[PDB]
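> What follows is input34.pdb; its format and atoms are PDB, C-alpha atoms (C1' of nucleotides).
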ATOM      1  CA  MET A   1     -73.044 -48.501  12.959
ATOM      2  CA  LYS A   2     -72.442 -45.642  15.517
ATOM      3  CA  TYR A   3     -73.401 -42.862  12.989
ATOM      4  CA  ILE A   4     -70.319 -40.484  12.891
ATOM      5  CA  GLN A   5     -72.754 -37.473  12.719
ATOM      6  CA  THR A   6     -76.526 -36.960  12.060
ATOM      7  CA  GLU A   7     -78.652 -33.754  12.399
ATOM      8  CA  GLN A   8     -82.325 -32.601  12.091
ATOM      9  CA  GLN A   9     -83.630 -29.265  10.633
ATOM     10  CA  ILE A  10     -86.064 -27.265  12.906
ATOM     11  CA  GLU A  11     -87.931 -24.489  10.954
ATOM     12  CA  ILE A  12     -88.728 -21.216  12.902
ATOM     13  CA  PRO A  13     -91.837 -19.180  11.823
ATOM     14  CA  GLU A  14     -92.058 -15.425  11.086
ATOM     15  CA  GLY A  15     -92.677 -13.823  14.564
ATOM     16  CA  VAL A  16     -91.251 -16.350  17.137
ATOM     17  CA  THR A  17     -88.010 -16.436  19.262
ATOM     18  CA  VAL A  18     -86.022 -19.618  20.259
ATOM     19  CA  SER A  19     -83.704 -19.204  23.337
ATOM     20  CA  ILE A  20     -81.416 -22.287  23.889
ATOM     21  CA  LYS A  21     -78.649 -22.348  26.595
ATOM     22  CA  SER A  22     -77.148 -25.690  27.848
ATOM     23  CA  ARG A  23     -80.455 -27.447  26.959
ATOM     24  CA  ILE A  24     -83.417 -25.139  27.995
ATOM     25  CA  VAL A  25     -85.580 -24.499  24.865
ATOM     26  CA  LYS A  26     -87.574 -21.271  25.657
ATOM     27  CA  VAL A  27     -89.853 -20.475  22.632
ATOM     28  CA  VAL A  28     -91.753 -17.100  22.635
ATOM     29  CA  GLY A  29     -94.547 -16.381  20.066
ATOM     30  CA  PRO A  30     -97.902 -14.586  19.446
ATOM     31  CA  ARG A  31     -99.768 -17.027  21.841
ATOM     32  CA  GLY A  32     -97.139 -16.654  24.646
ATOM     33  CA  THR A  33     -94.005 -18.289  26.215
ATOM     34  CA  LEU A  34     -93.261 -22.090  26.407
ATOM     35  CA  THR A  35     -90.216 -23.521  28.329
ATOM     36  CA  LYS A  36     -88.914 -27.162  28.203
ATOM     37  CA  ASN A  37     -85.476 -28.391  29.473
ATOM     38  CA  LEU A  38     -83.995 -31.350  27.479
ATOM     39  CA  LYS A  39     -81.028 -32.038  29.879
ATOM     40  CA  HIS A  40     -81.857 -35.835  29.671
ATOM     41  CA  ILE A  41     -81.009 -36.416  25.932
ATOM     42  CA  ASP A  42     -77.380 -35.149  25.271
ATOM     43  CA  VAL A  43     -77.608 -33.431  21.786
ATOM     44  CA  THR A  44     -76.244 -30.091  20.343
ATOM     45  CA  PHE A  45     -78.315 -27.178  18.829
ATOM     46  CA  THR A  46     -76.825 -24.626  16.321
ATOM     47  CA  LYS A  47     -78.596 -21.504  14.873
ATOM     48  CA  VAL A  48     -77.567 -21.224  11.147
ATOM     49  CA  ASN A  49     -80.082 -18.624   9.734
ATOM     50  CA  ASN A  50     -82.122 -17.326  12.809
ATOM     51  CA  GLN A  51     -84.987 -19.231  10.981
ATOM     52  CA  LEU A  52     -83.409 -22.750  10.769
ATOM     53  CA  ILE A  53     -81.741 -24.292  13.905
ATOM     54  CA  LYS A  54     -79.768 -27.565  13.287
ATOM     55  CA  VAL A  55     -79.917 -30.063  16.232
ATOM     56  CA  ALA A  56     -77.145 -32.758  15.985
ATOM     57  CA  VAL A  57     -75.808 -36.035  17.566
ATOM     58  CA  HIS A  58     -72.068 -36.976  17.184
ATOM     59  CA  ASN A  59     -71.033 -40.707  17.174
ATOM     60  CA  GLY A  60     -74.756 -41.667  17.359
ATOM     61  CA  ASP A  61     -76.534 -45.065  17.766
ATOM     62  CA  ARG A  62     -79.910 -46.815  17.097
ATOM     63  CA  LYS A  63     -81.257 -45.616  20.530
ATOM     64  CA  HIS A  64     -79.355 -42.234  20.262
ATOM     65  CA  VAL A  65     -80.457 -40.893  16.778
ATOM     66  CA  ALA A  66     -84.079 -41.940  17.649
ATOM     67  CA  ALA A  67     -83.947 -39.269  20.431
ATOM     68  CA  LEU A  68     -82.402 -36.639  18.036
ATOM     69  CA  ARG A  69     -85.584 -36.861  15.851
ATOM     70  CA  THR A  70     -87.731 -36.979  19.093
ATOM     71  CA  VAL A  71     -86.193 -33.621  20.275
ATOM     72  CA  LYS A  72     -86.846 -32.080  16.779
ATOM     73  CA  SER A  73     -90.499 -33.290  17.246
ATOM     74  CA  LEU A  74     -90.843 -31.821  20.825
ATOM     75  CA  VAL A  75     -89.247 -28.440  19.746
ATOM     76  CA  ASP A  76     -91.496 -28.178  16.593
ATOM     77  CA  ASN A  77     -94.471 -29.005  18.951
ATOM     78  CA  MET A  78     -93.385 -26.006  21.168
ATOM     79  CA  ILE A  79     -93.100 -23.657  18.090
ATOM     80  CA  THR A  80     -96.586 -24.937  16.983
ATOM     81  CA  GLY A  81     -97.742 -24.318  20.620
ATOM     82  CA  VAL A  82     -96.779 -20.561  20.419
ATOM     83  CA  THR A  83     -97.553 -19.955  16.654
ATOM     84  CA  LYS A  84    -100.978 -21.717  16.278
ATOM     85  CA  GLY A  85    -101.514 -23.510  19.672
ATOM     86  CA  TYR A  86    -103.509 -26.761  20.280
ATOM     87  CA  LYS A  87    -107.275 -27.558  20.585
ATOM     88  CA  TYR A  88    -108.642 -31.057  21.551
ATOM     89  CA  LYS A  89    -112.419 -31.627  20.923
ATOM     90  CA  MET A  90    -113.956 -34.416  23.123
ATOM     91  CA  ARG A  91    -117.551 -35.767  22.651
ATOM     92  CA  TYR A  92    -119.796 -37.108  25.484
ATOM     93  CA  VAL A  93    -120.884 -40.625  24.343
ATOM     94  CA  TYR A  94    -123.737 -41.834  26.652
ATOM     95  CA  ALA A  95    -126.297 -44.653  26.007
ATOM     96  CA  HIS A  96    -128.904 -43.860  28.764
ATOM     97  CA  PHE A  97    -127.467 -41.691  31.638
ATOM     98  CA  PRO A  98    -126.591 -38.178  30.293
ATOM     99  CA  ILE A  99    -123.087 -36.991  31.452
ATOM    100  CA  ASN A 100    -123.308 -33.752  33.556
ATOM    101  CA  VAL A 101    -119.883 -32.018  33.005
ATOM    102  CA  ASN A 102    -119.220 -28.348  34.054
ATOM    103  CA  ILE A 103    -116.118 -26.322  35.252
ATOM    104  CA  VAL A 104    -116.507 -25.408  38.984
ATOM    105  CA  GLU A 105    -114.036 -23.570  41.311
ATOM    106  CA  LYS A 106    -112.681 -24.894  44.695
ATOM    107  CA  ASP A 107    -110.320 -22.354  46.448
ATOM    108  CA  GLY A 108    -109.755 -20.743  42.959
ATOM    109  CA  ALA A 109    -108.280 -23.910  41.317
ATOM    110  CA  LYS A 110    -110.423 -24.628  38.113
ATOM    111  CA  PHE A 111    -111.795 -28.246  38.348
ATOM    112  CA  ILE A 112    -114.116 -30.108  35.864
ATOM    113  CA  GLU A 113    -116.993 -31.744  37.881
ATOM    114  CA  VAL A 114    -118.375 -34.943  36.174
ATOM    115  CA  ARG A 115    -121.683 -36.093  37.834
ATOM    116  CA  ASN A 116    -124.404 -38.560  36.597
ATOM    117  CA  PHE A 117    -121.899 -40.709  34.574
ATOM    118  CA  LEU A 118    -123.846 -44.048  34.359
ATOM    119  CA  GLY A 119    -126.034 -42.552  37.179
ATOM    120  CA  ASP A 120    -122.966 -42.748  39.514
ATOM    121  CA  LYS A 121    -123.481 -40.705  42.768
ATOM    122  CA  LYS A 122    -119.691 -39.827  42.696
ATOM    123  CA  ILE A 123    -118.646 -36.273  41.586
ATOM    124  CA  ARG A 124    -115.441 -36.748  39.464
ATOM    125  CA  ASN A 125    -112.963 -33.795  39.803
ATOM    126  CA  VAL A 126    -110.582 -33.247  36.782
ATOM    127  CA  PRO A 127    -108.147 -30.417  37.754
ATOM    128  CA  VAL A 128    -107.620 -28.123  34.678
ATOM    129  CA  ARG A 129    -103.801 -27.699  34.221
ATOM    130  CA  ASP A 130    -102.790 -23.964  34.000
ATOM    131  CA  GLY A 131    -102.280 -22.876  30.338
ATOM    132  CA  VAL A 132    -105.254 -25.172  29.356
ATOM    133  CA  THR A 133    -108.686 -23.433  28.874
ATOM    134  CA  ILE A 134    -112.002 -25.451  28.880
ATOM    135  CA  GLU A 135    -115.025 -24.443  26.663
ATOM    136  CA  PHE A 136    -118.371 -26.396  26.788
ATOM    137  CA  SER A 137    -118.905 -25.650  23.058
ATOM    138  CA  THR A 138    -122.422 -24.873  21.664
ATOM    139  CA  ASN A 139    -123.382 -25.846  18.010
ATOM    140  CA  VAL A 140    -122.314 -29.485  18.892
ATOM    141  CA  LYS A 141    -124.417 -31.118  21.702
ATOM    142  CA  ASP A 142    -122.277 -32.869  24.414
ATOM    143  CA  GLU A 143    -118.826 -31.427  23.363
ATOM    144  CA  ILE A 144    -115.888 -29.992  25.458
ATOM    145  CA  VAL A 145    -112.877 -28.152  23.829
ATOM    146  CA  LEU A 146    -109.494 -28.027  25.744
ATOM    147  CA  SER A 147    -107.309 -25.322  24.030
ATOM    148  CA  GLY A 148    -103.992 -23.572  24.907
ATOM    149  CA  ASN A 149    -100.249 -23.710  24.003
ATOM    150  CA  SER A 150     -98.247 -26.790  25.230
ATOM    151  CA  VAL A 151     -99.516 -30.077  23.594
ATOM    152  CA  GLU A 152     -98.496 -32.040  26.786
ATOM    153  CA  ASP A 153    -100.768 -29.663  28.862
ATOM    154  CA  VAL A 154    -103.811 -30.020  26.472
ATOM    155  CA  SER A 155    -103.322 -33.780  25.704
ATOM    156  CA  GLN A 156    -102.795 -34.928  29.356
ATOM    157  CA  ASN A 157    -105.818 -32.775  30.465
ATOM    158  CA  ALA A 158    -108.024 -34.472  27.767
ATOM    159  CA  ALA A 159    -106.524 -37.942  28.643
ATOM    160  CA  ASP A 160    -106.999 -37.520  32.472
ATOM    161  CA  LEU A 161    -110.681 -36.475  31.779
ATOM    162  CA  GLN A 162    -111.220 -39.602  29.536
ATOM    163  CA  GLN A 163    -109.546 -41.970  32.096
ATOM    164  CA  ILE A 164    -111.711 -41.002  35.194
ATOM    165  CA  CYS A 165    -114.938 -42.015  33.260
ATOM    166  CA  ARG A 166    -113.894 -45.670  32.584
ATOM    167  CA  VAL A 167    -116.833 -48.084  33.297
ATOM    168  CA  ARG A 168    -115.768 -50.716  35.935
ATOM    169  CA  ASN A 169    -116.852 -54.427  36.181
ATOM    170  CA  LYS A 170    -118.809 -54.436  32.836
ATOM    171  CA  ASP A 171    -118.567 -55.364  29.117
ATOM    172  CA  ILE A 172    -116.796 -52.116  27.958
ATOM    173  CA  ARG A 173    -117.965 -53.056  24.353
ATOM    174  CA  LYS A 174    -121.712 -52.799  25.365
ATOM    175  CA  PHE A 175    -121.181 -50.028  28.027
ATOM    176  CA  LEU A 176    -119.504 -47.712  25.423
ATOM    177  CA  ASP A 177    -119.933 -44.720  27.812
ATOM    178  CA  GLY A 178    -117.424 -41.908  28.637
ATOM    179  CA  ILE A 179    -115.893 -38.664  27.207
ATOM    180  CA  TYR A 180    -113.585 -39.508  24.211
ATOM    181  CA  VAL A 181    -111.154 -37.219  22.254
ATOM    182  CA  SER A 182    -112.805 -37.052  18.768
ATOM    183  CA  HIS A 183    -110.401 -34.432  17.226
ATOM    184  CA  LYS A 184    -106.800 -33.184  17.937
ATOM    185  CA  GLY A 185    -105.942 -29.964  15.987
ATOM    186  CA  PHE A 186    -104.931 -26.251  15.987
ATOM    187  CA  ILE A 187    -106.846 -23.147  17.263
ATOM    188  CA  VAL A 188    -106.336 -20.891  14.152
ATOM    189  CA  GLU A 189    -109.055 -21.002  11.381
ATOM    190  CA  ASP A 190    -108.423 -20.931   7.539
ATOM    191  CA  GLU A 191    -107.412 -24.651   7.982
TER     192      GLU A 191
ATOM    193  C1'   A G   1    -127.197 -72.903 131.581
ATOM    194  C1'   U G   2    -127.641 -67.661 129.282
ATOM    195  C1'   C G   3    -124.519 -64.518 126.520
ATOM    196  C1'   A G   4    -120.517 -65.443 123.628
ATOM    197  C1'   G G   5    -117.428 -69.012 121.558
ATOM    198  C1'   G G   6    -113.996 -73.390 120.130
ATOM    199  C1'   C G   7    -113.348 -77.872 116.895
ATOM    200  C1'   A G   8    -115.405 -80.173 111.954
ATOM    201  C1'   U G   9    -107.863 -79.535 107.102
ATOM    202  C1'   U G  10    -112.009 -72.608 104.988
ATOM    203  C1'   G G  11    -118.146 -77.355 108.999
ATOM    204  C1'   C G  12    -122.215 -76.215 105.387
ATOM    205  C1'   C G  13    -125.884 -72.644 103.440
ATOM    206  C1'   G G  14    -127.791 -67.286 101.770
ATOM    207  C1'   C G  15    -126.183 -62.538 100.761
ATOM    208  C1'   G G  16    -121.607 -60.350 100.348
ATOM    209  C1'   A G  17    -118.347 -54.701  99.294
ATOM    210  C1'   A G  18    -113.178 -54.012  97.665
ATOM    211  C1'   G G  19    -109.633 -56.485  94.172
ATOM    212  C1'   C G  20    -109.033 -59.179  89.819
ATOM    213  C1'   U G  21    -111.832 -60.193  85.572
ATOM    214  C1'   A G  22    -115.459 -61.771  80.862
ATOM    215  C1'   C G  23    -117.068 -60.496  72.986
ATOM    216  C1'   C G  24    -120.407 -63.234  79.495
ATOM    217  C1'   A G  25    -119.165 -56.213  80.123
ATOM    218  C1'   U G  26    -117.481 -51.544  78.117
ATOM    219  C1'   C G  27    -114.459 -48.026  75.086
ATOM    220  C1'   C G  28    -110.833 -47.334  71.339
ATOM    221  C1'   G G  29    -107.920 -49.040  66.627
ATOM    222  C1'   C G  30    -105.012 -42.603  61.903
ATOM    223  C1'   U G  31    -103.831 -40.315  56.647
ATOM    224  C1'   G G  32     -99.843 -38.814  53.246
ATOM    225  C1'   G G  33     -96.026 -40.007  49.558
ATOM    226  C1'   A G  34     -93.731 -43.496  46.081
ATOM    227  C1'   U G  35     -94.871 -47.643  43.235
ATOM    228  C1'   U G  36     -96.649 -52.977  40.850
ATOM    229  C1'   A G  37    -100.010 -54.957  37.486
ATOM    230  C1'   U G  38    -102.766 -52.264  34.189
ATOM    231  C1'   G G  39    -104.721 -48.158  31.315
ATOM    232  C1'   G G  40    -102.887 -43.620  29.180
ATOM    233  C1'   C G  41    -100.084 -38.820  27.208
ATOM    234  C1'   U G  42     -96.298 -36.680  24.028
ATOM    235  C1'   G G  43     -93.197 -39.347  20.733
ATOM    236  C1'   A G  44     -89.237 -41.195  17.479
ATOM    237  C1'   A G  45     -87.160 -45.427  15.847
ATOM    238  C1'   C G  46     -89.883 -47.325  10.903
ATOM    239  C1'   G G  47     -92.145 -40.209   6.072
ATOM    240  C1'   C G  48     -97.531 -43.733   9.186
ATOM    241  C1'   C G  49     -98.421 -46.511  13.582
ATOM    242  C1'   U G  50     -96.956 -47.136  18.452
ATOM    243  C1'   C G  51     -97.891 -46.349  26.705
ATOM    244  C1'   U G  52     -91.310 -46.746  25.711
ATOM    245  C1'   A G  53     -87.043 -45.877  23.241
ATOM    246  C1'   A G  54     -85.869 -40.174  25.845
ATOM    247  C1'   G G  55     -89.496 -37.835  28.957
ATOM    248  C1'   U G  56     -94.162 -38.349  31.522
ATOM    249  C1'   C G  57     -99.682 -38.983  33.705
ATOM    250  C1'   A G  58    -102.821 -42.335  36.480
ATOM    251  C1'   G G  59    -102.566 -46.387  39.919
ATOM    252  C1'   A G  60    -103.064 -52.025  44.311
ATOM    253  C1'   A G  61    -104.808 -54.780  50.310
ATOM    254  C1'   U G  62     -97.893 -53.614  48.080
ATOM    255  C1'   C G  63     -93.492 -50.438  49.792
ATOM    256  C1'   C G  64     -91.822 -45.965  52.701
ATOM    257  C1'   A G  65     -93.677 -42.536  55.787
ATOM    258  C1'   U G  66     -97.643 -39.677  59.573
ATOM    259  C1'   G G  67     -98.756 -42.595  63.743
ATOM    260  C1'   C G  68     -97.850 -46.349  67.597
ATOM    261  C1'   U G  69     -93.955 -49.450  71.051
ATOM    262  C1'   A G  70     -88.808 -49.769  72.661
ATOM    263  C1'   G G  71     -84.548 -46.340  73.311
ATOM    264  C1'   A G  72     -78.327 -47.884  71.597
ATOM    265  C1'   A G  73     -77.266 -50.171  79.102
ATOM    266  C1'   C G  74     -69.966 -47.819  74.788
ATOM    267  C1'   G G  75     -75.634 -42.393  70.469
ATOM    268  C1'   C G  76     -76.576 -37.551  71.876
ATOM    269  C1'   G G  77     -78.478 -32.741  73.697
ATOM    270  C1'   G G  78     -80.431 -28.644  77.239
ATOM    271  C1'   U G  79     -80.888 -27.450  82.373
ATOM    272  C1'   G G  80     -80.549 -27.171  88.054
ATOM    273  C1'   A G  81     -77.469 -27.709  92.250
ATOM    274  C1'   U G  82     -72.716 -28.970  93.145
TER     275        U G  82
END
Please rewrite the model in this file as structure tokens.

Amino acid sequence: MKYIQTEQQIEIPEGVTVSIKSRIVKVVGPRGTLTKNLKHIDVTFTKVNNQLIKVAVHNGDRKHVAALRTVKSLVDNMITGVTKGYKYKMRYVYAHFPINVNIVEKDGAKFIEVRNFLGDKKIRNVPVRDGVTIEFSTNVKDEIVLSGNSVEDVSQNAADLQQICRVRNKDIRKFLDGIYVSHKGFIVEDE
RNA sequence: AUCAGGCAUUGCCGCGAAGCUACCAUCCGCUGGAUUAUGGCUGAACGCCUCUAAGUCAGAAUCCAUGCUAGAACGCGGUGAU
């Protein structure tokens, strides 16, 4: 159709700032500061109320208005990242060989050492992305909680940790062994 | 004659340094980036879902480099003495 005009509403919570110039969304909030440049999309933002910001696409398309709702999603994810933040719980699932996971330091860099995964002599090194914090949580045996602000920091840290412990040259339906993201949620309680 | 030699298409036999040479001998043959397949992240389209659409992570003996050989006899630079 080439949609003459379409827009998306982006709500702004009670104690956060949104700084947009030419396409650099810089959200500040109680947790801290998140930056993300959207110079790849070609949309227009407009502050109406200091609490709603309307993002818009003029003479849109099927592939174009899809991105307009995508950018609303990414910007809400940033506001969530500063207001409440993110917290991914992963469980160690092992059949025989218990997974030995701990956070070590190599030249002050924050790695996650994985040793004794299917009794593998290898020591798997998962570099913790800055802004992501690792907690080997008590009260749940064989759990690891990756918390912080930016969803793409938390999610890719959790994903890169899951991917390195993939069993090779086996029936992956019998050898159901590795560290899997059980829960994806927010840091703040009363929820 | 002796000694010492000639000729036998290098007279033949044993040893024979130097030279060349043999997986028949010895030494030596590097580690970064980007990717494919594939598995993923965030994530719309399609109130969910989704690795894909925007963006992105990981990644092969592949590709490009580090390296190695040559050096354009019409590519070039610095320098000496003239």
> Record the distance separating CA of residue 142 (chain A) and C1' of residue 58 (chain G), expressed in Å with one decimal.
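Taking CA of residue 142 (chain A) and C1' of residue 58 (chain G), their separation equals 24.8 Å.
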> The PyMOL selection byres ((chain A) within 12 of (chain G)) - which residues does that actually catch in the file I just gave you? List them as a ChimeraX atom specification.
/A:36-43,61-75,77-78,126,150-164,166
> Given the file above and the PyMOL selection byres ((chain A and resi 13) around 12), which residues are selected, and can you give them as a list in words?
residues 10, 11, 12, 14, 15, 16, 17, 18, 27, 28, 29, 30, 49, 50, 51, 52, 53, 76, 78, 79, 80, 81, 82, 83 and 84 of chain A
> Selection from above, C-alpha atoms, as a compact mmCIF listing (two decimals), in the coordinates of the input, can you write it?

# COMPACT_ATOMS: atom_id res chain seq x y z
CA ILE A 10 -86.06 -27.26 12.91
CA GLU A 11 -87.93 -24.49 10.95
CA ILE A 12 -88.73 -21.22 12.90
CA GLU A 14 -92.06 -15.42 11.09
CA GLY A 15 -92.68 -13.82 14.56
CA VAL A 16 -91.25 -16.35 17.14
CA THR A 17 -88.01 -16.44 19.26
CA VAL A 18 -86.02 -19.62 20.26
CA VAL A 27 -89.85 -20.48 22.63
CA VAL A 28 -91.75 -17.10 22.64
CA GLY A 29 -94.55 -16.38 20.07
CA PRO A 30 -97.90 -14.59 19.45
CA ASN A 49 -80.08 -18.62 9.73
CA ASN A 50 -82.12 -17.33 12.81
CA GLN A 51 -84.99 -19.23 10.98
CA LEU A 52 -83.41 -22.75 10.77
CA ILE A 53 -81.74 -24.29 13.90
CA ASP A 76 -91.50 -28.18 16.59
CA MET A 78 -93.38 -26.01 21.17
CA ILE A 79 -93.10 -23.66 18.09
CA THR A 80 -96.59 -24.94 16.98
CA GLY A 81 -97.74 -24.32 20.62
CA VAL A 82 -96.78 -20.56 20.42
CA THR A 83 -97.55 -19.95 16.65
CA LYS A 84 -100.98 -21.72 16.28
> Please write as a ChimeraX atom specification the full residue list that the PyMOL selection byres ((chain A and resi 119) around 12) yields on this file.
/A:94-100,114-118,120-123,165,167,177
> Just give me the gap between CA of residue 31 (chain A) and CA of residue 187 (chain A) in Å, one decimal is fine.
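Separating CA of residue 31 (chain A) from CA of residue 187 (chain A) is a distance of 10.4 Å.
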> Report, in Å with one decimal, the straight-line distance from CA of residue 26 (chain A) to CA of residue 133 (chain A).
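If I compute the distance from CA of residue 26 (chain A) to CA of residue 133 (chain A), I get 21.5 Å.
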> Tell me which of A:143, A:130, A:7, A:107 sits closest to residue 179 (chain A), counting all atoms listed in the file.
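Closest to residue 179 (chain A) of all the choices is A:143.
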> Which neighbours of residue 32 (chain G) fall inside 12 Å, counting only C-alpha atoms (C1' of nucleotides), when residues of the same chain fewer than 4 positions from it are skipped, and could you give them as a list in words?
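The residues satisfying every condition are residues 64, 65, 66 and 67 of chain G.
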> Filtering to C-alpha atoms (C1' of nucleotides), could you give me those residues as a PDB file, keeping the file's coordinate frame?

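Generated file (again.pdb):
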ATOM      1  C1'   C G  64     -91.822 -45.965  52.701  1.00  0.00           C
ATOM      2  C1'   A G  65     -93.677 -42.536  55.787  1.00  0.00           C
ATOM      3  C1'   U G  66     -97.643 -39.677  59.573  1.00  0.00           C
ATOM      4  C1'   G G  67     -98.756 -42.595  63.743  1.00  0.00           C
TER       5        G G  67
END
> Need the shell around residue 127 (chain A): protein/DNA/RNA residues with any atom at most 10 Å away, counting only C-alpha atoms (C1' of nucleotides). Skip same-chain ones fewer than 6 positions apart. Format as an MDAnalysis selection string?
chainID A and resid 103:106 109:113 157 160:161
> Name all residues at most 7 Å from residue 184 (chain A) (count all atoms listed in the file; drop same-chain ones fewer than 5 positions away) and give them as a PDB file with C-alpha atoms, in the frame of the given file.

ATOM      1  CA  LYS A  87    -107.275 -27.558  20.585  1.00  0.00           C
ATOM      2  CA  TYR A  88    -108.642 -31.057  21.551  1.00  0.00           C
ATOM      3  CA  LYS A  89    -112.419 -31.627  20.923  1.00  0.00           C
TER       4      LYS A  89
END
> Give, as lines of an AutoDock Vina configuration file, the centre coordinates and the x, y and z edge lengths in Å to one decimal for an axis-aligned box around all listed atoms of region 60-75 of chain G, padded by 8 Å on each side.

center_x = -87.4
center_y = -47.2
center_z = 61.7
size_x = 50.8
size_y = 31.1
size_z = 50.8
> When you look at residue 91 (chain A) with a cut-off of 10 Å (counting all atoms listed in the file), what residues show up, excluding the ones that are within fewer than 6 positions of it in the same chain? I need them as a PDB file with C-alpha atoms, keeping the file's coordinate frame.

ATOM      1  CA  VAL A 140    -122.314 -29.485  18.892  1.00  0.00           C
ATOM      2  CA  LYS A 141    -124.417 -31.118  21.702  1.00  0.00           C
ATOM      3  CA  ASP A 142    -122.277 -32.869  24.414  1.00  0.00           C
ATOM      4  CA  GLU A 143    -118.826 -31.427  23.363  1.00  0.00           C
ATOM      5  CA  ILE A 144    -115.888 -29.992  25.458  1.00  0.00           C
ATOM      6  CA  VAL A 145    -112.877 -28.152  23.829  1.00  0.00           C
ATOM      7  CA  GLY A 178    -117.424 -41.908  28.637  1.00  0.00           C
ATOM      8  CA  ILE A 179    -115.893 -38.664  27.207  1.00  0.00           C
ATOM      9  CA  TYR A 180    -113.585 -39.508  24.211  1.00  0.00           C
ATOM     10  CA  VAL A 181    -111.154 -37.219  22.254  1.00  0.00           C
ATOM     11  CA  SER A 182    -112.805 -37.052  18.768  1.00  0.00           C
ATOM     12  CA  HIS A 183    -110.401 -34.432  17.226  1.00  0.00           C
TER      13      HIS A 183
END
